[PDB]
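Next comes entry_12.cif, a file with mmCIF, C-alpha atoms.
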data_coords
loop_
_atom_site.group_PDB
_atom_site.id
_atom_site.type_symbol
_atom_site.label_atom_id
_atom_site.label_comp_id
_atom_site.auth_asym_id
_atom_site.auth_seq_id
_atom_site.Cartn_x
_atom_site.Cartn_y
_atom_site.Cartn_z
ATOM 1 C CA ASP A 2 -11.369 5.484 -5.644
ATOM 2 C CA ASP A 3 -14.516 5.699 -7.747
ATOM 3 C CA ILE A 4 -12.209 5.865 -10.773
ATOM 4 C CA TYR A 5 -10.740 2.440 -10.033
ATOM 5 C CA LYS A 6 -14.137 1.072 -9.051
ATOM 6 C CA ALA A 7 -15.526 2.538 -12.273
ATOM 7 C CA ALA A 8 -12.790 0.770 -14.216
ATOM 8 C CA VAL A 9 -13.991 -2.262 -12.254
ATOM 9 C CA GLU A 10 -17.490 -1.426 -13.475
ATOM 10 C CA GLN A 11 -16.443 -0.319 -16.958
ATOM 11 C CA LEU A 12 -14.272 -3.401 -17.335
ATOM 12 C CA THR A 13 -15.380 -6.987 -16.923
ATOM 13 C CA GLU A 14 -15.577 -8.596 -13.487
ATOM 14 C CA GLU A 15 -14.081 -11.954 -14.455
ATOM 15 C CA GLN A 16 -10.743 -10.162 -14.224
ATOM 16 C CA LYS A 17 -11.902 -9.377 -10.691
ATOM 17 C CA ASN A 18 -12.478 -13.065 -9.957
ATOM 18 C CA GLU A 19 -9.003 -13.624 -11.414
ATOM 19 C CA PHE A 20 -7.654 -11.111 -8.910
ATOM 20 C CA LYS A 21 -9.649 -12.957 -6.243
ATOM 21 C CA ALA A 22 -7.722 -16.121 -7.054
ATOM 22 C CA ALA A 23 -4.538 -14.043 -7.136
ATOM 23 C CA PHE A 24 -5.509 -12.688 -3.711
ATOM 24 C CA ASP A 25 -6.021 -16.232 -2.475
ATOM 25 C CA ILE A 26 -2.438 -16.626 -3.664
ATOM 26 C CA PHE A 27 -1.767 -13.402 -1.744
ATOM 27 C CA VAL A 28 -2.312 -15.296 1.479
ATOM 28 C CA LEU A 29 1.146 -16.757 0.754
ATOM 29 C CA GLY A 30 3.581 -14.634 2.729
ATOM 30 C CA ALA A 31 0.487 -12.922 4.161
ATOM 31 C CA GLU A 32 0.262 -13.333 7.892
ATOM 32 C CA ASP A 33 -3.061 -11.539 7.289
ATOM 33 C CA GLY A 34 -4.139 -13.218 4.049
ATOM 34 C CA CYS A 35 -4.619 -9.660 2.734
ATOM 35 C CA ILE A 36 -2.369 -7.039 1.175
ATOM 36 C CA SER A 37 -1.122 -4.692 3.893
ATOM 37 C CA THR A 38 2.038 -2.575 3.583
ATOM 38 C CA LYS A 39 4.425 -5.440 4.356
ATOM 39 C CA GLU A 40 1.942 -7.705 2.629
ATOM 40 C CA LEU A 41 2.051 -5.375 -0.364
ATOM 41 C CA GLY A 42 5.815 -5.772 -0.419
ATOM 42 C CA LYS A 43 5.448 -9.540 -0.374
ATOM 43 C CA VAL A 44 2.482 -9.533 -2.777
ATOM 44 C CA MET A 45 4.414 -7.357 -5.200
ATOM 45 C CA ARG A 46 7.440 -9.621 -5.053
ATOM 46 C CA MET A 47 4.649 -12.120 -5.659
ATOM 47 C CA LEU A 48 3.325 -9.694 -8.317
ATOM 48 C CA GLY A 49 6.757 -8.783 -9.740
ATOM 49 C CA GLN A 50 7.327 -5.237 -8.441
ATOM 50 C CA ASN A 51 8.263 -3.979 -4.982
ATOM 51 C CA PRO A 52 6.921 -0.621 -3.794
ATOM 52 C CA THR A 53 8.137 0.971 -0.588
ATOM 53 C CA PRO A 54 6.486 1.039 2.866
ATOM 54 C CA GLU A 55 5.633 4.583 1.828
ATOM 55 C CA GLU A 56 4.791 3.401 -1.680
ATOM 56 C CA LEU A 57 3.100 0.236 -0.382
ATOM 57 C CA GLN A 58 1.324 2.158 2.388
ATOM 58 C CA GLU A 59 0.412 4.907 -0.066
ATOM 59 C CA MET A 60 -0.996 2.493 -2.612
ATOM 60 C CA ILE A 61 -2.882 1.374 0.483
ATOM 61 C CA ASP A 62 -3.945 5.008 0.830
ATOM 62 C CA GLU A 63 -4.349 5.040 -2.967
ATOM 63 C CA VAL A 64 -6.554 1.942 -2.579
ATOM 64 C CA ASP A 65 -8.048 3.048 0.772
ATOM 65 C CA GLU A 66 -11.590 3.166 -0.545
ATOM 66 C CA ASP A 67 -12.758 2.284 2.949
ATOM 67 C CA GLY A 68 -9.494 3.452 4.465
ATOM 68 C CA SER A 69 -8.835 -0.130 5.561
ATOM 69 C CA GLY A 70 -5.100 0.464 5.998
ATOM 70 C CA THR A 71 -4.572 -2.440 3.612
ATOM 71 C CA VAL A 72 -4.947 -3.372 -0.032
ATOM 72 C CA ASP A 73 -8.067 -5.488 0.236
ATOM 73 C CA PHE A 74 -9.188 -7.613 -2.703
ATOM 74 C CA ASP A 75 -11.333 -4.757 -4.001
ATOM 75 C CA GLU A 76 -8.403 -2.523 -3.141
ATOM 76 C CA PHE A 77 -6.199 -4.991 -5.027
ATOM 77 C CA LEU A 78 -8.387 -4.467 -8.091
ATOM 78 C CA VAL A 79 -7.836 -0.758 -7.478
ATOM 79 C CA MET A 80 -4.118 -1.537 -7.325
ATOM 80 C CA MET A 81 -4.064 -3.481 -10.587
ATOM 81 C CA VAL A 82 -5.922 -0.567 -12.181
ATOM 82 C CA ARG A 83 -3.831 1.953 -10.218
ATOM 83 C CA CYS A 84 -0.087 1.323 -10.685
ATOM 84 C CA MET A 85 0.661 3.159 -13.963
ATOM 85 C CA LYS A 86 0.737 6.643 -15.557
ATOM 86 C CA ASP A 87 -2.046 6.990 -18.139
ATOM 87 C CA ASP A 88 -4.583 9.789 -17.448
ATOM 88 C CA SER A 89 -4.040 11.814 -20.572
ATOM 89 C CA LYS A 90 -4.255 15.275 -22.181
ATOM 90 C CA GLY A 91 -2.796 16.817 -19.016
ATOM 91 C CA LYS A 92 -5.401 19.534 -19.263
ATOM 92 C CA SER A 93 -3.774 22.570 -17.719
ATOM 93 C CA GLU A 94 -3.401 26.300 -18.368
ATOM 94 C CA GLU A 95 -3.811 25.772 -22.116
ATOM 95 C CA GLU A 96 -6.333 22.949 -22.263
ATOM 96 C CA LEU A 97 -8.199 23.627 -19.035
ATOM 97 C CA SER A 98 -8.306 27.229 -20.224
ATOM 98 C CA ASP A 99 -9.991 26.032 -23.410
ATOM 99 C CA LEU A 100 -12.300 24.234 -20.988
ATOM 100 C CA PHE A 101 -12.650 26.910 -18.287
ATOM 101 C CA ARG A 102 -13.966 29.128 -21.064
ATOM 102 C CA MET A 103 -17.031 26.910 -20.717
ATOM 103 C CA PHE A 104 -16.574 25.617 -17.193
ATOM 104 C CA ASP A 105 -16.447 29.314 -16.411
ATOM 105 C CA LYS A 106 -19.250 29.901 -18.891
ATOM 106 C CA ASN A 107 -19.055 33.509 -17.698
ATOM 107 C CA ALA A 108 -16.066 34.348 -19.901
ATOM 108 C CA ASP A 109 -14.775 35.710 -16.586
ATOM 109 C CA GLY A 110 -12.732 33.240 -14.578
ATOM 110 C CA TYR A 111 -14.911 31.416 -12.038
ATOM 111 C CA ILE A 112 -16.885 28.183 -12.311
ATOM 112 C CA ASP A 113 -19.499 29.042 -9.769
ATOM 113 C CA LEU A 114 -21.938 26.330 -8.779
ATOM 114 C CA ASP A 115 -24.146 27.636 -11.587
ATOM 115 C CA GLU A 116 -21.342 27.476 -14.148
ATOM 116 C CA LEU A 117 -20.607 23.957 -12.944
ATOM 117 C CA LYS A 118 -24.245 22.858 -12.905
ATOM 118 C CA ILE A 119 -24.703 24.288 -16.402
ATOM 119 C CA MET A 120 -21.602 22.533 -17.714
ATOM 120 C CA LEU A 121 -22.732 19.276 -16.111
ATOM 121 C CA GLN A 122 -26.291 19.571 -17.422
ATOM 122 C CA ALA A 123 -24.570 20.132 -20.770
ATOM 123 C CA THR A 124 -22.582 16.907 -20.328
ATOM 124 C CA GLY A 125 -25.773 15.052 -21.191
ATOM 125 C CA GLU A 126 -25.093 12.517 -18.472
ATOM 126 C CA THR A 127 -27.104 12.528 -15.255
ATOM 127 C CA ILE A 128 -26.289 15.521 -13.044
ATOM 128 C CA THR A 129 -26.702 16.048 -9.306
ATOM 129 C CA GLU A 130 -25.968 19.080 -7.194
ATOM 130 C CA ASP A 131 -24.080 16.498 -5.185
ATOM 131 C CA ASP A 132 -21.985 16.145 -8.333
ATOM 132 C CA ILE A 133 -21.939 19.886 -8.996
ATOM 133 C CA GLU A 134 -21.012 20.736 -5.415
ATOM 134 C CA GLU A 135 -18.490 17.960 -4.779
ATOM 135 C CA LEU A 136 -16.824 19.160 -7.961
ATOM 136 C CA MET A 137 -17.153 22.712 -6.671
ATOM 137 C CA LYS A 138 -15.184 21.646 -3.595
ATOM 138 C CA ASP A 139 -12.631 19.773 -5.706
ATOM 139 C CA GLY A 140 -12.430 23.194 -7.243
ATOM 140 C CA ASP A 141 -13.055 25.189 -4.118
ATOM 141 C CA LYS A 142 -9.853 24.470 -2.289
ATOM 142 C CA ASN A 143 -9.571 28.240 -2.337
ATOM 143 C CA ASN A 144 -13.266 27.914 -1.430
ATOM 144 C CA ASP A 145 -14.566 30.805 -3.428
ATOM 145 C CA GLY A 146 -18.074 29.338 -3.525
ATOM 146 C CA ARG A 147 -17.114 29.344 -7.178
ATOM 147 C CA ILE A 148 -14.384 27.292 -8.815
ATOM 148 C CA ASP A 149 -11.572 29.626 -9.767
ATOM 149 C CA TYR A 150 -9.258 28.387 -12.488
ATOM 150 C CA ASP A 151 -6.673 27.392 -9.897
ATOM 151 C CA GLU A 152 -9.583 25.760 -8.130
ATOM 152 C CA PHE A 153 -10.408 24.294 -11.558
ATOM 153 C CA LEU A 154 -6.932 22.741 -11.675
ATOM 154 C CA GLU A 155 -7.166 21.423 -8.110
ATOM 155 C CA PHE A 156 -10.471 20.001 -9.400
ATOM 156 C CA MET A 157 -9.702 18.635 -12.880
ATOM 157 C CA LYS A 158 -6.028 17.891 -12.216
ATOM 158 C CA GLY A 159 -5.116 15.437 -14.953
ATOM 159 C CA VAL A 160 -8.733 14.294 -15.099
ATOM 160 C CA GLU A 161 -9.920 13.909 -18.668
ATOM 161 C CA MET B 155 2.930 -11.396 -16.025
ATOM 162 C CA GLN B 156 3.417 -13.136 -19.353
ATOM 163 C CA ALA B 157 6.899 -14.613 -18.975
ATOM 164 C CA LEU B 158 6.088 -15.426 -15.352
ATOM 165 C CA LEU B 159 2.817 -17.278 -15.903
ATOM 166 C CA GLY B 160 4.350 -18.992 -18.928
ATOM 167 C CA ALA B 161 1.613 -21.000 -20.602
ATOM 168 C CA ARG B 162 -0.891 -19.309 -18.272
ATOM 169 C CA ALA B 163 0.248 -15.807 -19.236
ATOM 170 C CA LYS B 164 -2.951 -13.974 -18.341
ATOM 171 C CA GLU B 165 -2.949 -10.828 -16.219
ATOM 172 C CA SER B 166 -1.006 -8.134 -18.061
ATOM 173 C CA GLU C 114 26.243 -47.533 14.368
ATOM 174 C CA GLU C 115 27.844 -44.374 13.048
ATOM 175 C CA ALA C 116 25.063 -43.945 10.462
ATOM 176 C CA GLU C 117 22.550 -44.293 13.265
ATOM 177 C CA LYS C 118 24.517 -41.826 15.339
ATOM 178 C CA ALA C 119 24.426 -39.678 12.214
ATOM 179 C CA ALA C 120 20.748 -40.406 11.878
ATOM 180 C CA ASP C 121 20.431 -39.122 15.385
ATOM 181 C CA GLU C 122 22.730 -36.163 14.803
ATOM 182 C CA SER C 123 21.152 -35.177 11.498
ATOM 183 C CA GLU C 124 17.691 -35.833 12.964
ATOM 184 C CA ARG C 125 18.522 -34.174 16.271
ATOM 185 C CA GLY C 126 20.119 -31.483 14.199
ATOM 186 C CA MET C 127 16.972 -31.266 12.114
ATOM 187 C CA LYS C 128 14.915 -31.062 15.328
ATOM 188 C CA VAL C 129 17.329 -28.522 16.930
ATOM 189 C CA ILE C 130 17.213 -26.597 13.720
ATOM 190 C CA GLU C 131 13.469 -27.008 13.470
ATOM 191 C CA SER C 132 13.358 -25.706 17.005
ATOM 192 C CA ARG C 133 15.783 -22.936 16.072
ATOM 193 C CA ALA C 134 14.072 -22.356 12.788
ATOM 194 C CA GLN C 135 10.833 -22.085 14.705
ATOM 195 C CA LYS C 136 12.381 -19.764 17.241
ATOM 196 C CA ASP C 137 13.760 -17.678 14.413
ATOM 197 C CA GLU C 138 10.507 -17.974 12.454
ATOM 198 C CA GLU C 139 8.556 -16.808 15.444
ATOM 199 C CA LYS C 140 11.081 -14.091 16.075
ATOM 200 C CA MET C 141 10.784 -13.282 12.394
ATOM 201 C CA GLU C 142 7.005 -13.050 12.563
ATOM 202 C CA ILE C 143 7.088 -11.472 15.995
ATOM 203 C CA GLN C 144 9.554 -8.873 14.849
ATOM 204 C CA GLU C 145 7.658 -8.501 11.556
ATOM 205 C CA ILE C 146 4.290 -8.018 13.232
ATOM 206 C CA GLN C 147 5.929 -5.863 15.844
ATOM 207 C CA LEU C 148 7.821 -4.107 13.049
ATOM 208 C CA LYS C 149 4.605 -3.249 11.398
ATOM 209 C CA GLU C 150 3.466 -2.006 14.765
ATOM 210 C CA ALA C 151 6.805 -0.204 15.424
ATOM 211 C CA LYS C 152 6.366 1.376 12.004
ATOM 212 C CA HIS C 153 2.814 2.246 12.935
ATOM 213 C CA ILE C 154 4.121 3.669 16.177
ATOM 214 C CA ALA C 155 6.639 5.585 14.100
ATOM 215 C CA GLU C 156 3.768 6.702 11.909
ATOM 216 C CA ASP C 157 1.832 7.557 15.056
ATOM 217 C CA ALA C 158 4.900 9.016 16.738
ATOM 218 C CA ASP C 159 5.473 11.091 13.658
ATOM 219 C CA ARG C 160 1.738 11.659 13.466
ATOM 220 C CA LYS C 161 1.503 12.976 17.025
ATOM 221 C CA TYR C 162 4.699 14.845 16.333
ATOM 222 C CA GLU C 163 3.077 16.429 13.346
ATOM 223 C CA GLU C 164 -0.072 17.236 15.233
ATOM 224 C CA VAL C 165 1.860 18.956 17.996
ATOM 225 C CA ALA C 166 4.549 20.339 15.649
ATOM 226 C CA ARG C 167 1.837 21.601 13.406
ATOM 227 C CA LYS C 168 0.244 23.202 16.426
ATOM 228 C CA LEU C 169 3.663 24.601 17.131
ATOM 229 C CA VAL C 170 3.680 25.957 13.567
ATOM 230 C CA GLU D 114 21.494 -47.368 3.870
ATOM 231 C CA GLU D 115 18.378 -46.822 5.984
ATOM 232 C CA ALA D 116 20.361 -45.221 8.831
ATOM 233 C CA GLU D 117 22.508 -43.238 6.508
ATOM 234 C CA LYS D 118 19.467 -42.343 4.467
ATOM 235 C CA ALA D 119 17.752 -41.343 7.654
ATOM 236 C CA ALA D 120 20.771 -39.185 8.311
ATOM 237 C CA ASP D 121 20.868 -37.933 4.703
ATOM 238 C CA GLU D 122 17.177 -37.225 4.489
ATOM 239 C CA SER D 123 17.082 -35.726 7.952
ATOM 240 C CA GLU D 124 20.184 -33.789 6.961
ATOM 241 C CA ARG D 125 18.325 -32.551 3.849
ATOM 242 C CA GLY D 126 15.379 -31.855 6.080
ATOM 243 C CA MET D 127 17.819 -29.938 8.240
ATOM 244 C CA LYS D 128 19.333 -28.178 5.210
ATOM 245 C CA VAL D 129 15.946 -26.909 4.215
ATOM 246 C CA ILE D 130 14.950 -25.951 7.730
ATOM 247 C CA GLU D 131 18.479 -24.680 8.449
ATOM 248 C CA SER D 132 18.245 -22.626 5.327
ATOM 249 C CA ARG D 133 14.847 -21.663 6.647
ATOM 250 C CA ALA D 134 16.316 -20.888 10.025
ATOM 251 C CA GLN D 135 18.909 -18.835 8.183
ATOM 252 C CA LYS D 136 16.262 -17.052 6.145
ATOM 253 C CA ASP D 137 14.142 -16.560 9.223
ATOM 254 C CA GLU D 138 17.208 -15.630 11.219
ATOM 255 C CA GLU D 139 18.242 -13.118 8.637
ATOM 256 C CA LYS D 140 14.751 -11.882 8.316
ATOM 257 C CA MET D 141 14.229 -11.636 12.066
ATOM 258 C CA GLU D 142 17.523 -9.781 12.349
ATOM 259 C CA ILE D 143 16.417 -7.538 9.562
ATOM 260 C CA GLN D 144 13.001 -7.083 11.075
ATOM 261 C CA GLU D 145 14.582 -6.672 14.501
ATOM 262 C CA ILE D 146 16.986 -4.060 13.251
ATOM 263 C CA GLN D 147 14.169 -2.456 11.352
ATOM 264 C CA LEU D 148 12.035 -2.745 14.469
ATOM 265 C CA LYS D 149 14.713 -1.167 16.479
ATOM 266 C CA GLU D 150 14.900 1.573 13.929
ATOM 267 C CA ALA D 151 11.162 1.909 13.451
ATOM 268 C CA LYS D 152 10.971 2.017 17.179
ATOM 269 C CA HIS D 153 13.958 4.381 17.326
ATOM 270 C CA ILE D 154 12.203 6.458 14.730
ATOM 271 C CA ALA D 155 9.128 6.264 16.858
ATOM 272 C CA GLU D 156 11.195 7.127 19.894
ATOM 273 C CA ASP D 157 12.923 9.849 17.978
ATOM 274 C CA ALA D 158 9.573 11.006 16.719
ATOM 275 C CA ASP D 159 8.305 10.779 20.317
ATOM 276 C CA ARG D 160 11.398 12.684 21.403
ATOM 277 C CA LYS D 161 10.636 15.185 18.696
ATOM 278 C CA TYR D 162 7.038 15.140 19.869
ATOM 279 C CA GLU D 163 8.276 16.071 23.295
ATOM 280 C CA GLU D 164 10.781 18.554 21.908
ATOM 281 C CA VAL D 165 7.946 20.134 19.960
ATOM 282 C CA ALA D 166 5.411 19.588 22.737
ATOM 283 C CA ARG D 167 7.567 21.437 25.226
ATOM 284 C CA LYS D 168 8.433 23.905 22.513
ATOM 285 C CA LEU D 169 4.745 23.999 21.705
ATOM 286 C CA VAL D 170 4.313 25.105 25.259
#

What is this structure when it is put down as structure tokens?
Amino acid sequence: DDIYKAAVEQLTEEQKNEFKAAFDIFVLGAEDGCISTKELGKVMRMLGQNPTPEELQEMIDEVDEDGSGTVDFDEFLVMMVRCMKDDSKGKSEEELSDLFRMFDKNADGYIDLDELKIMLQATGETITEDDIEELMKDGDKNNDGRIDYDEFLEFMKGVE
Amino acid sequence: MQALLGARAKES
Amino acid sequence: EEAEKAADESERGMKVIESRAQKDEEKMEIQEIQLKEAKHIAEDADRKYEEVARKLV
Amino acid sequence: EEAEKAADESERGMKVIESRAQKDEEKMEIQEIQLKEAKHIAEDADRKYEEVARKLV
């Protein structure tokens, strides 16, 4: 959920106070005052849409930063920055291959933790082996100790 | 959001 | 006299209805809260099913 | 006029709370039916749990 909380960070927080007032409104129909699954149904009919107990509960999961089983206010910010289809360039076989050429610096086919640390250190931004290794895992669903390209897709899926 | 909030059309 | 009887019938009605509305409102909230729980039991029932079914698998 | 208005206003009171009882009644029936089904799903899922738990065995 660090993408939605980064949007929170990268965007202004007065929109977040706006969503706080909207969440105060989201006590209406809320036997909890919050946005739970049922409360997401009623908040969305208060918001205009209506997701499903799976869609409401999954947005909950999709806003479960803490795993609070609800859409909390912070989770409601996540929601408002979460209910569309925008993450672009769909980097896949073609584009993530263009990338994997450098992700897998090796010109071989595996972003090992060294390939990943090198690519990150090349990003210019601050790099941690927490970063490098969490991203290894996001890769290493096959768990090669080294991000394969399928691991690379389980890692950078849609991410741009 | 716009047509709903009318004069206060703010969120989206 | 009839208007007062009507005041009493529309007021009693309102009170009977408020009582009924309250019974139905409580049943609504009771069934809604319990629905969320019944759904959570279904999620848990399906969850325990999946844990055991997955073990079966 | 006061008695009739008491009846008329209490009747409007009643219409709103009767409509509320109706909304709450419909919703509690909906939630009750959904509860029964969420519970039946849970029971079915619990039955499946047991079907799979005994089949797990």

Post-fit chain D coords, all in-order Cα pairs vs chain C, as a PDB file with C-alpha atoms, in the coordinates of the input:
ATOM      1  CA  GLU D 114      23.982 -47.949  12.119  1.00  0.00           C
ATOM      2  CA  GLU D 115      26.636 -45.287  11.529  1.00  0.00           C
ATOM      3  CA  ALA D 116      24.789 -43.848   8.508  1.00  0.00           C
ATOM      4  CA  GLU D 117      21.450 -44.104  10.157  1.00  0.00           C
ATOM      5  CA  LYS D 118      22.925 -42.744  13.349  1.00  0.00           C
ATOM      6  CA  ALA D 119      24.444 -39.961  11.337  1.00  0.00           C
ATOM      7  CA  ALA D 120      20.972 -39.367   9.998  1.00  0.00           C
ATOM      8  CA  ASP D 121      19.393 -39.748  13.455  1.00  0.00           C
ATOM      9  CA  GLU D 122      21.898 -37.558  15.217  1.00  0.00           C
ATOM     10  CA  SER D 123      21.905 -35.016  12.426  1.00  0.00           C
ATOM     11  CA  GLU D 124      18.124 -35.252  12.496  1.00  0.00           C
ATOM     12  CA  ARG D 125      18.226 -34.559  16.262  1.00  0.00           C
ATOM     13  CA  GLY D 126      20.686 -31.811  15.529  1.00  0.00           C
ATOM     14  CA  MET D 127      18.145 -30.584  13.013  1.00  0.00           C
ATOM     15  CA  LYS D 128      15.278 -30.992  15.500  1.00  0.00           C
ATOM     16  CA  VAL D 129      17.053 -28.781  17.957  1.00  0.00           C
ATOM     17  CA  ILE D 130      18.095 -26.241  15.363  1.00  0.00           C
ATOM     18  CA  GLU D 131      14.725 -26.573  13.596  1.00  0.00           C
ATOM     19  CA  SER D 132      13.070 -25.974  16.901  1.00  0.00           C
ATOM     20  CA  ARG D 133      15.539 -23.142  17.217  1.00  0.00           C
ATOM     21  CA  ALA D 134      14.683 -21.934  13.755  1.00  0.00           C
ATOM     22  CA  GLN D 135      11.055 -22.160  14.812  1.00  0.00           C
ATOM     23  CA  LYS D 136      11.719 -20.265  18.022  1.00  0.00           C
ATOM     24  CA  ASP D 137      13.822 -17.745  16.166  1.00  0.00           C
ATOM     25  CA  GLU D 138      11.297 -17.663  13.362  1.00  0.00           C
ATOM     26  CA  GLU D 139       8.492 -17.077  15.778  1.00  0.00           C
ATOM     27  CA  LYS D 140      10.519 -14.594  17.662  1.00  0.00           C
ATOM     28  CA  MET D 141      11.632 -12.758  14.533  1.00  0.00           C
ATOM     29  CA  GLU D 142       8.026 -12.674  13.365  1.00  0.00           C
ATOM     30  CA  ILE D 143       7.036 -11.396  16.743  1.00  0.00           C
ATOM     31  CA  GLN D 144       9.847  -8.894  16.792  1.00  0.00           C
ATOM     32  CA  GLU D 145       9.116  -8.013  13.173  1.00  0.00           C
ATOM     33  CA  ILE D 146       5.458  -7.481  13.878  1.00  0.00           C
ATOM     34  CA  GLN D 147       6.389  -5.600  16.994  1.00  0.00           C
ATOM     35  CA  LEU D 148       8.948  -3.689  14.956  1.00  0.00           C
ATOM     36  CA  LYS D 149       6.373  -2.900  12.416  1.00  0.00           C
ATOM     37  CA  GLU D 150       4.125  -1.729  15.177  1.00  0.00           C
ATOM     38  CA  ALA D 151       6.817   0.084  17.121  1.00  0.00           C
ATOM     39  CA  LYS D 152       7.738   1.648  13.858  1.00  0.00           C
ATOM     40  CA  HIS D 153       4.063   2.233  13.030  1.00  0.00           C
ATOM     41  CA  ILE D 154       3.727   3.747  16.455  1.00  0.00           C
ATOM     42  CA  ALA D 155       6.765   5.799  15.691  1.00  0.00           C
ATOM     43  CA  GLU D 156       5.306   6.675  12.324  1.00  0.00           C
ATOM     44  CA  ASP D 157       1.978   7.359  13.912  1.00  0.00           C
ATOM     45  CA  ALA D 158       3.727   9.363  16.571  1.00  0.00           C
ATOM     46  CA  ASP D 159       5.667  11.105  13.776  1.00  0.00           C
ATOM     47  CA  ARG D 160       2.373  11.621  11.971  1.00  0.00           C
ATOM     48  CA  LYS D 161       0.982  12.978  15.194  1.00  0.00           C
ATOM     49  CA  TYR D 162       4.142  15.035  15.523  1.00  0.00           C
ATOM     50  CA  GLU D 163       3.394  16.493  12.138  1.00  0.00           C
ATOM     51  CA  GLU D 164      -0.304  16.823  12.903  1.00  0.00           C
ATOM     52  CA  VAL D 165       0.645  18.675  16.065  1.00  0.00           C
ATOM     53  CA  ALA D 166       3.592  20.437  14.439  1.00  0.00           C
ATOM     54  CA  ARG D 167       1.389  21.862  11.722  1.00  0.00           C
ATOM     55  CA  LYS D 168      -1.285  22.441  14.313  1.00  0.00           C
ATOM     56  CA  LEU D 169       1.429  23.913  16.488  1.00  0.00           C
ATOM     57  CA  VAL D 170       1.945  26.328  13.670  1.00  0.00           C
TER      58      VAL D 170
END

Expected answer as a list in words: chain D residues within 6 Å of chain C, only C-alpha atoms
residues 116, 117, 119, 120, 123, 124, 127, 131, 134, 137, 138, 140, 141, 144, 145, 148, 151, 152, 154, 155, 158, 159, 162, 165, 166 and 169 of chain D

Please report, as a Markdown table, each residue of chain B lying at most 9 Å from chain A, together with the nearest pair of atoms and the separation in Å rounded to one decimal; use only C-alpha atoms, and order rows by chain and ascending residue number.
| residue | atom | partner | partner_atom | distance |
| --- | --- | --- | --- | --- |
| B:155 | CA | A:49 | CA | 7.8 |
| B:158 | CA | A:49 | CA | 8.7 |
| B:165 | CA | A:16 | CA | 8.1 |

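The set of residues that the PyMOL selection byres ((chain A) within 12 of (chain C)) takes from this file is residues 30, 31, 32, 33, 37, 38, 39, 40, 54, 55, 58 and 70 of chain A.
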
Picked residues, the PyMOL selection byres ((chain A and resi 3-14) around 12), as a PDB file with C-alpha atoms, in the coordinates of the input:
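What landed in selection-v6.pdb:
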ATOM      1  CA  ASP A   2     -11.369   5.484  -5.644  1.00  0.00           C
ATOM      2  CA  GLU A  15     -14.081 -11.954 -14.455  1.00  0.00           C
ATOM      3  CA  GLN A  16     -10.743 -10.162 -14.224  1.00  0.00           C
ATOM      4  CA  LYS A  17     -11.902  -9.377 -10.691  1.00  0.00           C
ATOM      5  CA  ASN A  18     -12.478 -13.065  -9.957  1.00  0.00           C
ATOM      6  CA  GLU A  19      -9.003 -13.624 -11.414  1.00  0.00           C
ATOM      7  CA  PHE A  20      -7.654 -11.111  -8.910  1.00  0.00           C
ATOM      8  CA  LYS A  21      -9.649 -12.957  -6.243  1.00  0.00           C
ATOM      9  CA  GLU A  63      -4.349   5.040  -2.967  1.00  0.00           C
ATOM     10  CA  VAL A  64      -6.554   1.942  -2.579  1.00  0.00           C
ATOM     11  CA  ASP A  65      -8.048   3.048   0.772  1.00  0.00           C
ATOM     12  CA  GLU A  66     -11.590   3.166  -0.545  1.00  0.00           C
ATOM     13  CA  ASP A  67     -12.758   2.284   2.949  1.00  0.00           C
ATOM     14  CA  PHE A  74      -9.188  -7.613  -2.703  1.00  0.00           C
ATOM     15  CA  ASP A  75     -11.333  -4.757  -4.001  1.00  0.00           C
ATOM     16  CA  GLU A  76      -8.403  -2.523  -3.141  1.00  0.00           C
ATOM     17  CA  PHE A  77      -6.199  -4.991  -5.027  1.00  0.00           C
ATOM     18  CA  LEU A  78      -8.387  -4.467  -8.091  1.00  0.00           C
ATOM     19  CA  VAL A  79      -7.836  -0.758  -7.478  1.00  0.00           C
ATOM     20  CA  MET A  80      -4.118  -1.537  -7.325  1.00  0.00           C
ATOM     21  CA  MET A  81      -4.064  -3.481 -10.587  1.00  0.00           C
ATOM     22  CA  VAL A  82      -5.922  -0.567 -12.181  1.00  0.00           C
ATOM     23  CA  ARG A  83      -3.831   1.953 -10.218  1.00  0.00           C
ATOM     24  CA  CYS A  84      -0.087   1.323 -10.685  1.00  0.00           C
ATOM     25  CA  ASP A  88      -4.583   9.789 -17.448  1.00  0.00           C
ATOM     26  CA  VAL A 160      -8.733  14.294 -15.099  1.00  0.00           C
ATOM     27  CA  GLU A 161      -9.920  13.909 -18.668  1.00  0.00           C
TER      28      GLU A 161
END

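Computed from the coordinates, the atom CA of residue A:71 to atom CA of residue A:35 distance equals 7.3 Å.
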
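Note that atom CA of residue A:101 and atom CA of residue A:149 are 9.0 Å apart.
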
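Counting from atom CA of residue A:97, the distance to atom CA of residue A:147 is 15.9 Å.
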
Any chance you could resolve the PyMOL selection byres ((chain A and resi 117-133) around 9) against this file and give the residues as a CSV table (one decimal) with C-alpha atoms, keeping the file's coordinate frame?
chain,number,residue,atom,x,y,z
A,103,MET,CA,-17.0,26.9,-20.7
A,104,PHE,CA,-16.6,25.6,-17.2
A,105,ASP,CA,-16.4,29.3,-16.4
A,106,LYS,CA,-19.2,29.9,-18.9
A,112,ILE,CA,-16.9,28.2,-12.3
A,113,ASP,CA,-19.5,29.0,-9.8
A,114,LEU,CA,-21.9,26.3,-8.8
A,115,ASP,CA,-24.1,27.6,-11.6
A,116,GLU,CA,-21.3,27.5,-14.1
A,134,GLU,CA,-21.0,20.7,-5.4
A,135,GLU,CA,-18.5,18.0,-4.8
A,136,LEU,CA,-16.8,19.2,-8.0
A,137,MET,CA,-17.2,22.7,-6.7
A,138,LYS,CA,-15.2,21.6,-3.6
A,147,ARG,CA,-17.1,29.3,-7.2
A,148,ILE,CA,-14.4,27.3,-8.8
